[PDB]
Amino acid sequence: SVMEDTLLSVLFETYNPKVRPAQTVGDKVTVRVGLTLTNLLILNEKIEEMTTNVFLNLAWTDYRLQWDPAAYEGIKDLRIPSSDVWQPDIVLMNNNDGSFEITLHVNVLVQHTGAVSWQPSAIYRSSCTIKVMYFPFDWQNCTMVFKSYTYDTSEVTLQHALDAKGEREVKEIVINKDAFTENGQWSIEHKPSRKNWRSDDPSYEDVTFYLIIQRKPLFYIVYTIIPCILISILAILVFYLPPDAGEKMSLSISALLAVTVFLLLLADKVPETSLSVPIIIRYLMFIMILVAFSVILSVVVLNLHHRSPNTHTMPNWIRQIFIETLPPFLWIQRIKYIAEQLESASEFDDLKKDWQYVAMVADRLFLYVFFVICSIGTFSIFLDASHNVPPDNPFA
Amino acid sequence: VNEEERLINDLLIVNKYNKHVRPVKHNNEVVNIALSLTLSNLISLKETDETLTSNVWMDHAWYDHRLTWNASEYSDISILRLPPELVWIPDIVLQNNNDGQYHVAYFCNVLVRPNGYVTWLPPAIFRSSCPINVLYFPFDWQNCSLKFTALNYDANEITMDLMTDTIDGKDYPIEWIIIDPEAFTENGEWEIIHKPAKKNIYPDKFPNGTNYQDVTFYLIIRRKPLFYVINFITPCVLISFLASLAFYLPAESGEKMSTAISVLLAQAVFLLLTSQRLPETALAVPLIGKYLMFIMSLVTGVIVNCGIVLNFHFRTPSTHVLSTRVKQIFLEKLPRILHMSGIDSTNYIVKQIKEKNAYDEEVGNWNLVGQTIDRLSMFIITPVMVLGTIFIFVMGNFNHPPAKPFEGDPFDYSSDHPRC
Amino acid sequence: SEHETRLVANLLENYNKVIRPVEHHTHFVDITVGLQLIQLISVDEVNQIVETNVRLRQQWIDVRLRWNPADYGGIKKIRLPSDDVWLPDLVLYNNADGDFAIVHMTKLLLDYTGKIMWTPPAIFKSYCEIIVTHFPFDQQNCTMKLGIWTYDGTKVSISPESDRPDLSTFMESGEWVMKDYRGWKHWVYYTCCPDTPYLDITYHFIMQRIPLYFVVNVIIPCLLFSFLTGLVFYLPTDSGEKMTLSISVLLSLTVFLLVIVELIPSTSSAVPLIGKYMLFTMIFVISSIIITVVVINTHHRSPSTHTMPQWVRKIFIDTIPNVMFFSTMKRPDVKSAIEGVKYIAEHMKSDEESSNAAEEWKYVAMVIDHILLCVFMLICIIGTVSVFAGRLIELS
Amino acid sequence: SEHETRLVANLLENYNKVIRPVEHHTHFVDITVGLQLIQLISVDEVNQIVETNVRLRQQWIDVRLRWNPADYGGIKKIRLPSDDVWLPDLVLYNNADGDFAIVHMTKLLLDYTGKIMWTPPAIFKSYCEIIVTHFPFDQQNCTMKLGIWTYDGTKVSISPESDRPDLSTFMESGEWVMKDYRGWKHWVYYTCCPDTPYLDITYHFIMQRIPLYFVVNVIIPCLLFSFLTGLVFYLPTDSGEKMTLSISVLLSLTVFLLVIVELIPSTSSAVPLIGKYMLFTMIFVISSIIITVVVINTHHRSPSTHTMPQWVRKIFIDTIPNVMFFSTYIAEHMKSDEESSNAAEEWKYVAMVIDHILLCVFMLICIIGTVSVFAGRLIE
Amino acid sequence: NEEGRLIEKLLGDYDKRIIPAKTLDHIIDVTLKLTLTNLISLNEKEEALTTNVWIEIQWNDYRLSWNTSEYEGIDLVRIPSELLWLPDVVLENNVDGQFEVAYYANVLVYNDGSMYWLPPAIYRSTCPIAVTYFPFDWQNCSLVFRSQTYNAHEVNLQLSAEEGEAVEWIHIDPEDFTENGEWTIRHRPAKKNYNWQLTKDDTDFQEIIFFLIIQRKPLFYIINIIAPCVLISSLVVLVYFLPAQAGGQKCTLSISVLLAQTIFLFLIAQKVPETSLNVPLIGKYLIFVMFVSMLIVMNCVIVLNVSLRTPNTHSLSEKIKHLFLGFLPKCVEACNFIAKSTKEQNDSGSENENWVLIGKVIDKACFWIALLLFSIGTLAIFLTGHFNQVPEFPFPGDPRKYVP
């Protein structure tokens, strides 16, 4: 008969795990709660939740679990099934899923002093409010709020878990150096913890662990930013084509079709939240508007190129501006009645070529204008996306 | 009557068998659990979720000195069967699993010998989380590990071990995922290569903790890229080589830009296809993705060059003048270096004929300039495209997992050659 | 606490959780029921299911659990597992794919006077009608019908804790805004039993969808396609890019139709406003293609084989062109050698007259092209305003 | 009933569900196992997982559950909960993502002679290999392997109820056809222990896929595209729509490749037959486009720079038309223009002749390729 | 509370594992009455029908009865179902392994021993889809309830009776019932069914079947696929008015409409059942419009080839020209060479004009043929679906209506 059996029989002769340990009426049980993030599984922005593999680290003192180790074979510590001992139901309040409790229910460790220590494992799905303004170049601030679902501040007192050395107090999510899987998409920046009670309700002591995770946007870059840049290059090129070739529309509208295809590609990844427009979506819409304006201006250029003296008469103002003002600033600078018919056709062709030259000047002007506009817009959007860096202060 | 009921009543009821007490004489000693894994079949490796779903039979074995009896006394009962709910079992748990399972799926009966030796082979479906090395997709190999730990007891109480088979004479540790050659069905698009097993200890942590010891079963699985080669790879490279032929089209027939831009649309469609098939990690761009970006930028460059050639083809004396140096260098070097192949009315009409002829000759010179720059661009681009795609896909194809499963270990964990 | 262990053992000595907690069978237990909404999990319009995260608050009086605090060292409140005491079987009457009653079964507070205060959490997948007619500018009225299932009035009386559900700790949805939330208590009498009231409580919320996501993601590209649709008429028929432009904007609209089918919910109760606008854009593009085919056909109308009608001449040569003030519309062998030149002169004259008739056809085609361009821009503007002014005026 | 209440109280008074239902531990309890397939839920070729709704049928004898019917008022049969008696540990060895053993724990019939008959329902996600080679005209031989997990021969014996699984109440799948179904019992011995046979039963079904869905959704559009790609050659090069037609067929084929990758299983064990046909169609369209580019470049050949080879002129202009049946200062400047136009017209004639030759050969090769790929498996 | 001692007396000698039978050969009646609350969804991809139903099960357990005079007039007691014997009536034809009810509410034991269990449940029943008229189809699938353990010699499944007549329907509440929004219930009969190939010793001999004849509202499909697809495919007939002048872009329009039809093929294939017993009506229309589009493309190629023929390339014989022009009632020497060249080029143009006219005639005739064919095909295909309606009787041979 191993004396551990006798010790268990002695401890749990009248022990009731349905009452909190209070040696005197009105005594509060101090519970230290910490977190150990083994793997940040996912942050699904479509449903705005984060799935994390965690080890909750609870430590309290049950005065009923005391014994003299000298009276036994030096049994300083003991391993008890979790269901056989009292435990504060330290649950995750802000869970997107309906599950509050832990998943594993590992054995609790009890010292002869009564210091019960518990390290259960869980797969928590906590609701995280996605700040979708700079997606994908965004830093998310997700939170995990742990507290006793039933016991208020007049029955339990929450504290931060002590380190391996009991002298200090850990104010952060303890990340195990080994046995930790670094998430491919997200990067941890700050992982603090704070006990944040609310003033309106005095009995709302709870411990909150924050994760400031910055996204690595390489996937979204390679799959949307570069193709949009190529489409923008094509839209700028549209105005270098000659109208006589007959492919201005065949290029511009096909670039628009490619933009639509990229929008279809992005339709399954952008968050479904209407607080703000993601910067990637703003860039997509800017490129789409630019391509639409390229189509419109190519249509205008083609209409100006095919204008004819027998269909249009060149106005005085156009003949003035597009002949004597822009070319300096754009570096263009250009047997009886048979003869009479040829001369008339020559004059008609001269006026037609004047229309064509006006079209060419307008085409060059639109080329320069759209190059400038596209470059400025893309540079501004990328600058704004780049400047979005999580604050050094975590505001723990 | 049956002697098994009497033996069970003696072992569990009369002897006060405490299920929650570790099976050891003294609290100071340790209980050794030897465990092994048998991969029944690899269900899937979903890279979009980084989830390895597998079916494994987990074999535990230990010594419970309370579950012992005199075999000759109870009618020579050799083996005994007992449900896990009645006897102490070590809760070996798969620590890394994106789904919150943590446990075997059946909890089948344990087999007990008269000397106390207890074995247990429950099956389980495990959805573990392993990162995807997407660098050489789809010609890539993944390294997915199942990590089992004893979170109920620390290393001072139970010590996990690799099971050790008894080969002729000596005992050799089983350091691999034992797989049945006959009853194993090879998974589609995945083949196991090395499948090593190792027990790890972390000295930086203390023995009186649940982090001190682990048992990890690794799987080096090589993806069979036949599906991707058939569907995504070959059509895309064919469309690219088709884009490469936009230079051979004469500028007279107005489809020079249309073919290139439609090839770009097709490559955009392929990009849409390949986007939905990979996780959004940023360790490195996948081989298919970086090849796609290379070829898409090359097609954009081809479109730009075709636009330049078309612009050069429609230059006219009324709008542009060909400089001496331009036509000189082009029409002299490039074809050779590329081995290309009343009476007043009459006076006025003849003058107009001569002027039109000169205009036509200059237009023809512009056309020749366009053709020669087109051929130059073709000879510059097409070799670049072919060499780039061949280099990318050869580099991807040569990617193989190392001959030895671990970095410095020369053992080459395999059932053929055991150690010790 | 030994006092609390003694109290818990004493209370549950002779206690039957099956039996209703009342002094006499004639009397009724009066549960006061409050509901607090923590977050709005989702709203699925395809199956018409609203998933909410709620916490119930049932307060009742169990006279069997009363004790004297001075007899147990001054204990005033305890916590008991819900599986140990009688609980009212509140059921969501309009449940869909979710749990009908509370399944988490957390602990409950118990005073020395027998007042049970139970606050269990739940995820309610309520089935409420989704009126998808003004989507995405829709206002969904959605209800949750709690009721005591097995019992009734004069047996188990349910009451609302407050006139309105508690939304103090409500997390902002990010896609909906709670315009008004209320809770009503209904007595229902059946003709079979005229003195047996059946009681229920319905909590209704009015949720206004935030349309920023759907507007930007769907309506803006629809606006772009509708705008580019009418632009085909400013493109001259001399370029062969008219049909390529029309059919390519059609193809872009088809890819965006794929996008729309992916994004907007698939339902057949009514045609959504966004669906009406998409169909309007599709028909607009189809009609544009029909009309541009007509104008192409009348552009190439052969002069010799098609005599020019007088009415079309009178309408489209002087009347209409003079109206458009903004446009730029125009408004042996010795004798054989001499004979040959006369022959080519006659050939030139005939060709010139044929080309004059051809350009007459061209001018008529261009005039109708301008008229159709103006009417198409106008009809696009008025159609967009008509379809999207029904709700925006109301939402003002 | 009072009699049945007393009987059930007496039966389970000293009954131990842990102990095997045999009077002597040396003997074995003999269990007959039958299977009935209510419905074939689905077949997943990517994961090679077949989901089937089945009902097991275990019949065994428990000598401890015997009673005299005349002592309980003529009670012959009763229904006990399965958890209240000893149960065999039947486990689906081919399990994949499903439950290994019986989990529903339905009640069981119990005769007065101890003859227990238990018919629990189950959903088997069996892991059987999918030979995707003649897809969709394929035939899948799929198995499910049951046996006792902990015990073995000489402790429990498993025997088939009949040579064939019961298909009487099988709801028609609509997507597969049960060609033939059988059930075999295997004894396997091990050199370590040569007197303890291990018994198992494998039930195998031959499922013939109904190909109408995949035909009408994949092959027919592929047939249309492969017919249209060979049609561009009848289009004259004078129209500028030749390349537009070819590349638009190519784009339609790419979008349909998106469709098929959405539809067809994503497996790499072998090339599916429709995958092979789609690759053939892709090669066909690529070759047609390359040939079209060559033909257009030939059509736009400038005689000033290019002198047509004598052999080309001879062979084409002489041989080919005879095998076919439906095809044929100012003055000096005009003469030069006429001569250049005549030479360019000869180039155009050569282009037309090669275009017709390629049209005929491509129609023939389309017919052959369509026949060759499918007729191999269509012979049944 | 007298319910305390009443319950303690009732369940003191109660065994929930024993079917109540006053004697041997006593078949206890079990009356069922379904009540549909919300028809959640018919998922045709996996041929499942998710419904929410309150199932009323009434039986008579003689063990739970009391003399109401001894107690203080209590005659109706609510007992949790976990403590009582249940008939174990389950849905046999479930796609997933969910047989029992979803809540296990209390039962209302009465004075005489009658029991009125009323569990709500959520059922994913099997539903074979008839795809031959999709999406203008009506589905006829059912819920089959049977005793999972007891047979026809122990229990007796039957439909309930309210006012002397059996309730042979599903009893959808007229007021508190919102329509599914995609399906409309047209018939909802119920009947007790026997297999007649199993002896009544087997548990599957008897069953209660509740049918649900439902018609899909095609509004979503009509407004998002069918109408856009019909509008797109209507453009292939415009191709006969575009000129064959090498710039009219006939084949461009035809082949691009074919591309749009391919995109719509992807769209429909994304949301079409995979039964493969029949090809869906929308799939038939898509095949038809892609085949007629292929014919349109071939016709455009033929017209472009006929209208772009030259005397050197294609000789114009008298027979073809006659047929297609009858059946349509529906320095001195320097100048001489200049004149000769002008005359020869004029003759070449005049000869090409004949081929242009032949192309025009073929264009008009083929336009009429193609418009007729396309309109007839579209009208027939989308009129057959409209005329496919639910039969006016729940059962063809029965003159009964099965409506309350």
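Here Swiss-Prot sets the residue numbers for chain D, with the shown residues being 25-352, 405-456 in order.
Including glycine, each Cβ sits where the backbone N, Cα and C put it.
Now, the feature entries from Swiss-Prot:
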type	residues	note
DISULFID	D:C152-D:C166	disulfide bond
DISULFID	D:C216-D:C217	disulfide bond
CARBOHYD	D:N165	N-linked glycosylation site
TOPO_DOM	D:25-234	topological domain 'Extracellular'
TRANSMEM	D:235-259	transmembrane segment
TRANSMEM	D:267-285	transmembrane segment
TRANSMEM	D:301-320	transmembrane segment
TRANSMEM	D:433-451	transmembrane segment
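Annotation note: D:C166 (disulfide bond) sits in a strand segment as assigned by DSSP.
Cβ-based crowding with a 10 Å cutoff singles out D:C152 as the top-ranked of the disulfide-bonded residues D:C152, D:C216, D:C217. Among residues of the same chain six or more beyond the transmembrane segment (D:433-451), those with a C-beta under 8 A of the stretch's C-beta atoms are 161, 243, 247, 250-251, 253-254, 257-258, 297, 300-301, 304, 308, 312, 315, 319, 344.
DSSP classifies D:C217 (disulfide bond) as coil under the three-state reduction. If you measure from the Cα atom of D:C152 (disulfide bond) to that of D:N165 (N-linked glycosylation site), you get 8 Å. Listed in sequence order, D:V67, D:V74, D:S150, D:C152, D:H228, D:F229, D:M231 are the same-chain residues at least 6 apart in sequence whose CB falls under 8 Å from the CB of D:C166 (disulfide bond). According to DSSP, D:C152 (disulfide bond) sits in a coil region rather than a helix or strand. The Cβ of the residue listed as 'N-linked glycosylation site' lies under 8 Å from the Cβ of D:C152, D:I155, D:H228, D:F229, D:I230, each on the same chain and at least six residues away in sequence. In the deposited model, 52 residues go unmodelled between D:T352 and D:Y405, whose Cα atoms sit 34 Å apart.
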